[PDB]
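One file, target.csv, carrying CSV, N, CA, C and O atoms:
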chain,number,residue,atom,x,y,z
A,1,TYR,N,-14.2,16.2,-24.9
A,1,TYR,CA,-15.2,15.8,-25.9
A,1,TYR,C,-16.5,15.4,-25.1
A,1,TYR,O,-16.4,14.7,-24.1
A,2,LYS,N,-17.6,15.9,-25.6
A,2,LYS,CA,-18.9,15.6,-24.9
A,2,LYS,C,-19.3,14.2,-25.2
A,2,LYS,O,-19.3,13.7,-26.3
A,3,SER,N,-19.5,13.4,-24.1
A,3,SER,CA,-19.7,12.0,-24.2
A,3,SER,C,-21.0,11.7,-25.0
A,3,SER,O,-20.9,10.9,-26.0
A,4,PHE,N,-22.1,12.3,-24.7
A,4,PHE,CA,-23.4,12.1,-25.4
A,4,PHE,C,-24.1,13.4,-25.5
A,4,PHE,O,-23.7,14.5,-25.1
A,5,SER,N,-25.3,13.3,-26.1
A,5,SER,CA,-26.1,14.5,-26.2
A,5,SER,C,-26.7,15.0,-24.9
A,5,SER,O,-26.9,16.2,-24.7
A,6,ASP,N,-27.0,14.1,-24.0
A,6,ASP,CA,-27.6,14.4,-22.7
A,6,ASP,C,-26.5,14.5,-21.6
A,6,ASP,O,-26.9,14.5,-20.4
A,7,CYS,N,-25.2,14.5,-21.9
A,7,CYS,CA,-24.2,14.6,-20.9
A,7,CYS,C,-24.2,16.0,-20.2
A,7,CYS,O,-24.6,17.0,-20.8
A,8,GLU,N,-23.9,16.0,-18.9
A,8,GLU,CA,-23.8,17.2,-18.2
A,8,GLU,C,-22.7,18.1,-18.7
A,8,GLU,O,-21.6,17.7,-19.1
A,9,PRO,N,-22.9,19.4,-18.8
A,9,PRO,CA,-21.9,20.3,-19.4
A,9,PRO,C,-20.7,20.3,-18.5
A,9,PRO,O,-20.7,20.2,-17.3
A,10,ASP,N,-19.5,20.5,-19.2
A,10,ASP,CA,-18.2,20.4,-18.5
A,10,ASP,C,-18.1,21.6,-17.6
A,10,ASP,O,-17.9,22.8,-18.0
A,11,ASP,N,-18.1,21.4,-16.3
A,11,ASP,CA,-17.9,22.4,-15.3
A,11,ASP,C,-16.7,22.1,-14.3
A,11,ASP,O,-16.2,23.1,-13.8
A,12,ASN,N,-16.4,20.8,-14.1
A,12,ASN,CA,-15.3,20.5,-13.2
A,12,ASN,C,-13.9,20.7,-13.8
A,12,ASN,O,-12.9,20.5,-13.1
A,13,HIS,N,-13.8,21.0,-15.1
A,13,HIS,CA,-12.6,21.3,-15.8
A,13,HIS,C,-12.4,22.8,-15.8
A,13,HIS,O,-13.2,23.5,-16.5
A,14,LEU,N,-11.4,23.3,-15.2
A,14,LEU,CA,-11.2,24.8,-15.0
A,14,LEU,C,-9.9,25.2,-15.6
A,14,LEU,O,-8.8,24.6,-15.2
A,15,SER,N,-9.9,26.1,-16.5
A,15,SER,CA,-8.6,26.6,-17.1
A,15,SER,C,-8.0,27.6,-16.2
A,15,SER,O,-8.6,28.7,-15.9
A,16,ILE,N,-6.8,27.3,-15.7
A,16,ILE,CA,-6.2,28.1,-14.6
A,16,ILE,C,-4.9,28.8,-15.2
A,16,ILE,O,-4.1,28.1,-15.8
A,17,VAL,N,-4.8,30.1,-15.0
A,17,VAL,CA,-3.6,30.8,-15.5
A,17,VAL,C,-2.7,31.2,-14.3
A,17,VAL,O,-3.2,31.2,-13.1
A,18,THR,N,-1.5,31.4,-14.5
A,18,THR,CA,-0.5,31.7,-13.4
A,18,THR,C,0.6,32.6,-14.0
A,18,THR,O,0.6,32.9,-15.1
A,19,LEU,N,1.5,32.9,-13.1
A,19,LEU,CA,2.7,33.6,-13.5
A,19,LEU,C,3.9,33.0,-12.7
A,19,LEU,O,3.8,32.7,-11.5
A,20,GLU,N,5.1,32.9,-13.4
A,20,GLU,CA,6.2,32.3,-12.7
A,20,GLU,C,6.8,33.2,-11.6
A,20,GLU,O,7.0,34.4,-11.9
A,21,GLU,N,6.9,32.7,-10.4
A,21,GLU,CA,7.5,33.4,-9.3
A,21,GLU,C,8.5,32.5,-8.6
A,21,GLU,O,8.4,31.3,-8.6
A,22,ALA,N,9.5,33.2,-8.0
A,22,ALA,CA,10.6,32.4,-7.4
A,22,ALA,C,10.2,31.5,-6.3
A,22,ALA,O,10.6,30.3,-6.3
A,23,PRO,N,9.4,31.9,-5.3
A,23,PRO,CA,9.1,31.0,-4.2
A,23,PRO,C,7.7,30.3,-4.4
A,23,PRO,O,7.4,29.4,-3.7
A,24,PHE,N,6.9,30.7,-5.4
A,24,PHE,CA,5.6,30.3,-5.5
A,24,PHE,C,5.3,29.4,-6.7
A,24,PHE,O,4.8,28.3,-6.6
A,25,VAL,N,5.7,29.8,-7.9
A,25,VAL,CA,5.5,29.1,-9.2
A,25,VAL,C,6.9,29.0,-9.8
A,25,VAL,O,7.3,29.8,-10.6
A,26,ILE,N,7.6,27.9,-9.6
A,26,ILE,CA,8.8,27.6,-10.2
A,26,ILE,C,8.6,26.7,-11.4
A,26,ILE,O,7.9,25.6,-11.3
A,27,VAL,N,9.1,27.1,-12.5
A,27,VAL,CA,8.8,26.4,-13.8
A,27,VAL,C,10.2,25.8,-14.3
A,27,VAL,O,11.2,26.6,-14.4
A,28,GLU,N,10.2,24.6,-14.7
A,28,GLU,CA,11.3,23.9,-15.2
A,28,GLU,C,10.9,23.1,-16.5
A,28,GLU,O,9.7,23.0,-16.8
A,29,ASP,N,11.9,22.6,-17.2
A,29,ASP,CA,11.6,21.9,-18.4
A,29,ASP,C,11.3,20.4,-18.1
A,29,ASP,O,11.4,19.9,-17.0
A,30,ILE,N,11.0,19.7,-19.2
A,30,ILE,CA,10.7,18.3,-19.1
A,30,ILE,C,11.9,17.5,-18.8
A,30,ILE,O,13.0,17.8,-19.2
A,31,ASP,N,11.8,16.4,-18.0
A,31,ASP,CA,12.9,15.5,-17.7
A,31,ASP,C,13.3,14.7,-19.0
A,31,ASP,O,12.5,14.0,-19.5
A,32,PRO,N,14.5,14.9,-19.5
A,32,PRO,CA,14.9,14.3,-20.8
A,32,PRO,C,14.9,12.7,-20.7
A,32,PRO,O,14.6,12.1,-21.7
A,33,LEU,N,15.2,12.2,-19.5
A,33,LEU,CA,15.3,10.7,-19.4
A,33,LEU,C,14.0,10.0,-19.1
A,33,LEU,O,14.0,8.8,-19.1
A,34,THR,N,12.9,10.8,-19.0
A,34,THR,CA,11.6,10.2,-18.8
A,34,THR,C,10.5,10.8,-19.8
A,34,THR,O,9.5,10.2,-20.1
A,35,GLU,N,10.8,12.0,-20.2
A,35,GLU,CA,9.8,12.8,-21.1
A,35,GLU,C,8.5,13.0,-20.5
A,35,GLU,O,7.5,13.1,-21.2
A,36,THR,N,8.4,13.1,-19.2
A,36,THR,CA,7.2,13.6,-18.5
A,36,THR,C,7.6,14.5,-17.3
A,36,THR,O,8.8,14.8,-17.1
A,37,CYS,N,6.6,14.9,-16.6
A,37,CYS,CA,6.8,15.8,-15.5
A,37,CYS,C,7.2,15.0,-14.2
A,37,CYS,O,6.9,13.8,-14.1
A,38,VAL,N,8.0,15.7,-13.3
A,38,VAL,CA,8.4,15.1,-12.1
A,38,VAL,C,7.2,14.8,-11.2
A,38,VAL,O,6.1,15.5,-11.3
A,39,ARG,N,7.3,13.8,-10.4
A,39,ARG,CA,6.2,13.3,-9.6
A,39,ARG,C,5.5,14.3,-8.7
A,39,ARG,O,4.3,14.2,-8.4
A,40,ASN,N,6.3,15.3,-8.3
A,40,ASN,CA,5.7,16.4,-7.4
A,40,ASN,C,5.2,17.6,-8.2
A,40,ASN,O,4.3,18.3,-7.7
A,41,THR,N,5.8,17.9,-9.4
A,41,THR,CA,5.4,19.0,-10.2
A,41,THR,C,4.1,18.7,-10.9
A,41,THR,O,3.6,17.6,-10.8
A,42,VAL,N,3.5,19.7,-11.6
A,42,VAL,CA,2.4,19.4,-12.4
A,42,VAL,C,2.6,19.9,-13.8
A,42,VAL,O,3.4,20.8,-14.0
A,43,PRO,N,2.1,19.3,-14.9
A,43,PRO,CA,2.2,19.8,-16.2
A,43,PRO,C,1.5,21.1,-16.5
A,43,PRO,O,0.4,21.3,-15.9
A,44,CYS,N,2.1,22.0,-17.3
A,44,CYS,CA,1.5,23.2,-17.6
A,44,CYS,C,2.1,23.8,-18.9
A,44,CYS,O,3.3,23.7,-19.0
A,45,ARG,N,1.3,24.3,-19.7
A,45,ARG,CA,1.7,24.7,-21.1
A,45,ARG,C,2.0,26.2,-21.1
A,45,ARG,O,1.3,27.0,-20.6
A,46,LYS,N,3.2,26.5,-21.7
A,46,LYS,CA,3.6,27.9,-21.9
A,46,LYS,C,3.6,28.2,-23.4
A,46,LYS,O,4.1,27.3,-24.2
A,47,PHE,N,3.1,29.3,-23.8
A,47,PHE,CA,3.0,29.7,-25.3
A,47,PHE,C,4.3,30.4,-25.7
A,47,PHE,O,4.4,31.6,-25.6
A,48,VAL,N,5.3,29.6,-26.1
A,48,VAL,CA,6.5,30.1,-26.6
A,48,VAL,C,6.4,30.6,-28.0
A,48,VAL,O,5.8,29.9,-28.8
A,49,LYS,N,7.1,31.7,-28.3
A,49,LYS,CA,7.0,32.3,-29.7
A,49,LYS,C,8.3,32.1,-30.4
A,49,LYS,O,9.4,32.2,-29.8
B,1,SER,N,25.7,23.5,-3.3
B,1,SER,CA,26.6,24.5,-3.8
B,1,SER,C,27.9,23.9,-4.3
B,1,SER,O,28.2,22.7,-4.0
B,2,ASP,N,28.6,24.7,-5.1
B,2,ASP,CA,29.8,24.2,-5.7
B,2,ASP,C,30.9,23.9,-4.6
B,2,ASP,O,31.6,22.8,-4.7
B,3,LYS,N,31.0,24.7,-3.6
B,3,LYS,CA,31.9,24.5,-2.5
B,3,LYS,C,31.5,23.3,-1.6
B,3,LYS,O,32.4,22.5,-1.2
B,4,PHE,N,30.3,23.2,-1.3
B,4,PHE,CA,29.8,22.1,-0.4
B,4,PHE,C,29.4,20.9,-1.3
B,4,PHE,O,28.4,20.8,-1.9
B,5,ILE,N,30.4,20.0,-1.3
B,5,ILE,CA,30.3,18.8,-2.2
B,5,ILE,C,30.1,17.6,-1.3
B,5,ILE,O,30.9,17.3,-0.4
B,6,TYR,N,28.9,16.9,-1.5
B,6,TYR,CA,28.6,15.7,-0.7
B,6,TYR,C,28.2,14.6,-1.7
B,6,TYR,O,27.7,14.9,-2.8
B,7,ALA,N,28.5,13.4,-1.3
B,7,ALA,CA,28.2,12.3,-2.2
B,7,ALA,C,27.9,11.0,-1.4
B,7,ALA,O,27.9,11.0,-0.2
B,8,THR,N,27.7,9.9,-2.2
B,8,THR,CA,27.4,8.6,-1.6
B,8,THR,C,27.9,7.6,-2.6
B,8,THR,O,28.2,7.9,-3.8
B,9,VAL,N,27.8,6.3,-2.2
B,9,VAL,CA,28.2,5.2,-3.1
B,9,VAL,C,27.2,5.1,-4.3
B,9,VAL,O,26.0,5.0,-4.0
B,10,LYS,N,27.7,5.1,-5.5
B,10,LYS,CA,26.8,5.0,-6.7
B,10,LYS,C,26.1,3.7,-6.8
B,10,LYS,O,26.7,2.6,-6.4
B,11,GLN,N,24.9,3.7,-7.2
B,11,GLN,CA,24.1,2.5,-7.5
B,11,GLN,C,24.1,1.5,-6.3
B,11,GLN,O,24.6,0.4,-6.3
B,12,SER,N,23.4,2.0,-5.2
B,12,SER,CA,23.3,1.2,-4.0
B,12,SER,C,21.9,1.6,-3.4
B,12,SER,O,21.1,2.3,-4.0
B,13,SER,N,21.7,1.1,-2.2
B,13,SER,CA,20.4,1.3,-1.5
B,13,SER,C,20.2,2.8,-1.2
B,13,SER,O,19.0,3.3,-1.3
B,14,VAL,N,21.2,3.5,-0.8
B,14,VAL,CA,21.1,4.9,-0.5
B,14,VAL,C,20.7,5.7,-1.7
B,14,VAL,O,19.9,6.6,-1.7
B,15,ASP,N,21.2,5.3,-2.9
B,15,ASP,CA,20.8,5.9,-4.1
B,15,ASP,C,19.3,5.7,-4.4
B,15,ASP,O,18.6,6.6,-4.8
B,16,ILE,N,18.8,4.4,-4.2
B,16,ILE,CA,17.4,4.2,-4.3
B,16,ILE,C,16.5,5.0,-3.4
B,16,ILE,O,15.5,5.6,-3.8
B,17,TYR,N,16.9,5.1,-2.1
B,17,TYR,CA,16.2,5.9,-1.2
B,17,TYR,C,16.1,7.3,-1.6
B,17,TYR,O,15.1,8.0,-1.5
B,18,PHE,N,17.3,7.9,-2.0
B,18,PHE,CA,17.3,9.3,-2.4
B,18,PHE,C,16.5,9.5,-3.6
B,18,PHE,O,15.8,10.5,-3.8
B,19,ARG,N,16.5,8.6,-4.6
B,19,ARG,CA,15.8,8.8,-5.8
B,19,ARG,C,14.2,8.7,-5.6
B,19,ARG,O,13.5,9.5,-6.1
B,20,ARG,N,13.8,7.7,-4.9
B,20,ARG,CA,12.3,7.4,-4.9
B,20,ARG,C,11.6,8.5,-4.0
B,20,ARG,O,10.5,8.8,-4.2
B,21,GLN,N,12.3,9.0,-3.0
B,21,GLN,CA,11.7,10.0,-2.1
B,21,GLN,C,11.5,11.3,-2.9
B,21,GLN,O,12.4,11.8,-3.5
B,22,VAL,N,10.2,11.8,-2.8
B,22,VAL,CA,9.9,12.9,-3.7
B,22,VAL,C,10.5,14.2,-3.2
B,22,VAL,O,11.2,14.9,-3.9
B,23,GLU,N,10.3,14.5,-1.9
B,23,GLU,CA,10.8,15.8,-1.4
B,23,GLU,C,12.4,15.9,-1.4
B,23,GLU,O,12.9,16.9,-1.5
B,24,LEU,N,13.0,14.7,-1.4
B,24,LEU,CA,14.5,14.7,-1.4
B,24,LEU,C,15.0,14.6,-2.9
B,24,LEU,O,16.2,14.5,-3.1
B,25,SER,N,14.1,14.8,-3.9
B,25,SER,CA,14.5,14.7,-5.3
B,25,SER,C,15.6,15.7,-5.6
B,25,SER,O,16.5,15.4,-6.4
B,26,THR,N,15.5,16.9,-5.1
B,26,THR,CA,16.5,17.9,-5.3
B,26,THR,C,17.9,17.5,-4.9
B,26,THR,O,18.9,17.7,-5.5
B,27,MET,N,17.9,16.8,-3.7
B,27,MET,CA,19.2,16.1,-3.3
B,27,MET,C,19.7,15.3,-4.4
B,27,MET,O,20.9,15.3,-4.7
B,28,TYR,N,18.9,14.4,-5.0
B,28,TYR,CA,19.3,13.5,-6.1
B,28,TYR,C,19.9,14.3,-7.2
B,28,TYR,O,20.7,13.8,-8.0
B,29,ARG,N,19.5,15.6,-7.4
B,29,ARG,CA,20.0,16.4,-8.5
B,29,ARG,C,21.5,16.6,-8.3
B,29,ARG,O,22.2,16.6,-9.3
B,30,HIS,N,22.0,16.7,-7.1
B,30,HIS,CA,23.5,16.7,-6.9
B,30,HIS,C,24.1,15.4,-7.0
B,30,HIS,O,25.3,15.3,-7.4
B,31,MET,N,23.3,14.3,-6.8
B,31,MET,CA,24.0,13.0,-6.6
B,31,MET,C,24.7,12.5,-7.8
B,31,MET,O,25.9,12.1,-7.7
B,32,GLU,N,24.1,12.6,-9.0
B,32,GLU,CA,24.8,12.1,-10.2
B,32,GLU,C,26.0,13.0,-10.6
B,32,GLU,O,26.8,12.5,-11.3
B,33,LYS,N,26.1,14.2,-10.0
B,33,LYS,CA,27.2,15.0,-10.3
B,33,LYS,C,28.5,14.4,-9.7
B,33,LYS,O,29.5,14.5,-10.4
B,34,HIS,N,28.4,13.8,-8.5
B,34,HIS,CA,29.6,13.2,-7.9
B,34,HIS,C,29.2,11.9,-7.3
B,34,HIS,O,28.4,11.9,-6.4
B,35,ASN,N,29.8,10.8,-7.7
B,35,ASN,CA,29.6,9.5,-7.1
B,35,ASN,C,30.9,8.7,-7.1
B,35,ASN,O,31.9,9.1,-7.9
B,36,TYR,N,31.0,7.7,-6.3
B,36,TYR,CA,32.2,6.9,-6.2
B,36,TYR,C,31.8,5.4,-6.4
B,36,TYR,O,30.7,5.0,-5.9
B,37,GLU,N,32.7,4.6,-7.0
B,37,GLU,CA,32.4,3.2,-7.3
B,37,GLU,C,32.2,2.4,-6.0
B,37,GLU,O,31.3,1.6,-5.9
B,38,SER,N,33.1,2.7,-5.0
B,38,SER,CA,33.1,1.9,-3.8
B,38,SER,C,33.2,2.8,-2.6
B,38,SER,O,33.6,4.0,-2.7
B,39,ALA,N,32.9,2.3,-1.4
B,39,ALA,CA,33.0,3.1,-0.2
B,39,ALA,C,34.4,3.4,0.2
B,39,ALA,O,34.6,4.5,0.8
B,40,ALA,N,35.4,2.6,-0.2
B,40,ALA,CA,36.8,2.9,0.1
B,40,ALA,C,37.2,4.2,-0.6
B,40,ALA,O,37.9,5.0,0.0
B,41,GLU,N,36.9,4.3,-1.9
B,41,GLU,CA,37.2,5.6,-2.6
B,41,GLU,C,36.5,6.8,-2.0
B,41,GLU,O,37.1,7.9,-1.9
B,42,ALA,N,35.3,6.6,-1.6
B,42,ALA,CA,34.6,7.7,-1.0
B,42,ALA,C,35.2,8.2,0.3
B,42,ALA,O,35.4,9.4,0.6
B,43,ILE,N,35.6,7.2,1.2
B,43,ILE,CA,36.2,7.6,2.5
B,43,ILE,C,37.6,8.1,2.3
B,43,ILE,O,38.0,9.0,3.0
B,44,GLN,N,38.3,7.6,1.3
B,44,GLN,CA,39.6,8.2,1.0
B,44,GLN,C,39.5,9.6,0.5
B,44,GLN,O,40.3,10.5,0.8
B,45,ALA,N,38.5,9.9,-0.4
B,45,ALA,CA,38.3,11.3,-0.8
B,45,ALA,C,37.9,12.2,0.3
B,45,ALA,O,38.3,13.3,0.4
B,46,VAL,N,37.1,11.7,1.2
B,46,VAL,CA,36.7,12.5,2.4
B,46,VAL,C,37.9,12.8,3.3
B,46,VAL,O,38.1,13.9,3.7
B,47,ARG,N,38.8,11.8,3.4
B,47,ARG,CA,40.0,12.0,4.2
B,47,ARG,C,40.9,13.0,3.5
B,47,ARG,O,41.6,13.8,4.2
B,48,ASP,N,41.0,12.9,2.2
B,48,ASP,CA,41.8,13.9,1.4
B,48,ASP,C,41.1,15.2,1.2
B,48,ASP,O,41.5,16.0,0.4

Is it possible to express this structure as C-alpha cells?
Amino acid sequence: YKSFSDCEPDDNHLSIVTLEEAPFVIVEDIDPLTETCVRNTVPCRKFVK
Amino acid sequence: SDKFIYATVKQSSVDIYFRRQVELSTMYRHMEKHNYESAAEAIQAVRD
C-alpha cells in the first residue's frame, strides 16, 4: 500500500519466480506444529489448482 | 536411512541442541522417530 501521495514508488520489492529443483530449490509444506516456515527456508506461494 | 538408525535420550539437553541448531534441523527430523526414556534403555538397545 502506498503510504502517502508523495511516497517513493515501490522499487525495492521484487516479484521473483523460480522452479523446483532437487539440489537448488527444494519445496516442502508448512510445519503443522507451528504453522509457519522453518527458520532456514523462505515462504513462497504456489498456485495449486 | 531406515537401516541406519541413530537416537538419543528424549527430552534432554542434546535434544535442545539438535532442535535449536538450524543446519542440524534435518537431523532432528529423524530424532522424534526413535527416542528412549532413559540412557539405560538406549545403551541396552545399542548392545542388542

Hey, could you make a per-residue contact list for chain A against chain B with 12 Å as the cut-off, showing the nearest pair of atoms and its distance in Å to one decimal, counting only C-alpha atoms, sorted by chain and number, as a Markdown table?
| residue | atom | partner | partner_atom | distance |
| --- | --- | --- | --- | --- |
| A:31 | CA | B:29 | CA | 11.7 |
| A:38 | CA | B:22 | CA | 8.8 |
| A:39 | CA | B:22 | CA | 7.0 |
| A:40 | CA | B:22 | CA | 6.6 |
| A:41 | CA | B:22 | CA | 10.0 |

Neighbouring residues of residue 36 of chain B were defined as those with any atom within 5 Å, considering only N, CA, C and O atoms; residues of the same chain fewer than 4 positions away were excluded. Please report them as a PDB file with N, CA, C and O atoms, keeping the file's coordinate frame.
ATOM      1  N   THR B   8      27.700   9.900  -2.200  1.00  0.00           N
ATOM      2  CA  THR B   8      27.400   8.600  -1.600  1.00  0.00           C
ATOM      3  C   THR B   8      27.900   7.600  -2.600  1.00  0.00           C
ATOM      4  O   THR B   8      28.200   7.900  -3.800  1.00  0.00           O
ATOM      5  N   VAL B   9      27.800   6.300  -2.200  1.00  0.00           N
ATOM      6  CA  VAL B   9      28.200   5.200  -3.100  1.00  0.00           C
ATOM      7  C   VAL B   9      27.200   5.100  -4.300  1.00  0.00           C
ATOM      8  O   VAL B   9      26.000   5.000  -4.000  1.00  0.00           O
ATOM      9  N   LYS B  10      27.700   5.100  -5.500  1.00  0.00           N
ATOM     10  CA  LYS B  10      26.800   5.000  -6.700  1.00  0.00           C
ATOM     11  C   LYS B  10      26.100   3.700  -6.800  1.00  0.00           C
ATOM     12  O   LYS B  10      26.700   2.600  -6.400  1.00  0.00           O
TER      13      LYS B  10
END

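The space separating atom O of residue 7 of chain B from atom CA of residue 31 of chain B comes to 7.8 Å.
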
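Nearest to residue 5 of chain B of all the residues B:39, B:44, B:28, B:34 is B:34, counting all atoms listed in the file.
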
- request: Please return as a VMD selection string: the residues of chain B that backbone DSSP assigns to helix (DSSP H, G or I).
  value: chain B and resid 13 to 20 25 to 31 39 to 47

message: What's the separation between atom O of residue 21 of chain A and atom O of residue 3 of chain B, in Å to one decimal place?
response: 26.6 Å

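Atom to atom, atom CA of residue 27 of chain A and atom CA of residue 1 of chain B stand 20.5 Å apart.
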
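Minimum distance to residue 4 of chain B across B:19, B:47, B:30, B:38 (counting only C-alpha atoms) occurs at B:30.
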